[PDB]
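Visitor: Right, I'll just put the structure down here and ask away after.
Here, each number is a calculation from the coordinates, and none is a lab measurement.
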Amino acid sequence: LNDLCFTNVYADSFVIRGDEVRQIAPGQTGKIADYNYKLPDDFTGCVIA
Amino acid sequence: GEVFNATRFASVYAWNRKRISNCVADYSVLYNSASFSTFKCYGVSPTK
């Protein structure tokens, strides 16, 4: 990613319970996935926890 | 109910099986009661 130039980037930062770290994956469903936040299946981006 | 929270689960060497049939199946009421960390499903999406 150091060798690519970006058109535009968005940074979404928020607090998650230790056990729910794998709920933000595309296609993955659950309580916070369905009622709080979920991202499109064809998502291009990197996650840092 | 009996498969999500029993007195004590049968060991892996003598794992418990029963046929379930002639009823209606839904996950919403009981999944959140016993909260889980590894749900990986192969043939079927949880919503379908």
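Visitor: Report the semi-axes of the equivalent ellipsoid for the protein assembly as shown in whole Å, largest first, where each axis is √(5λ) for an eigenvalue λ of the Cα gyration tensor.
Guide: Output for the protein assembly as shown: semi-axes of 37, 15, 14 Å.
Visitor: While we're here: Cα-Cα pairs above 12 Å in chain B: how many percent?
Guide: Cα-Cα pairs of chain B separated by over 12 Å account for 77 percent.
Visitor: Which percent of the Cα-Cα distances in chain A go past 12 Å?
Guide: 70 percent
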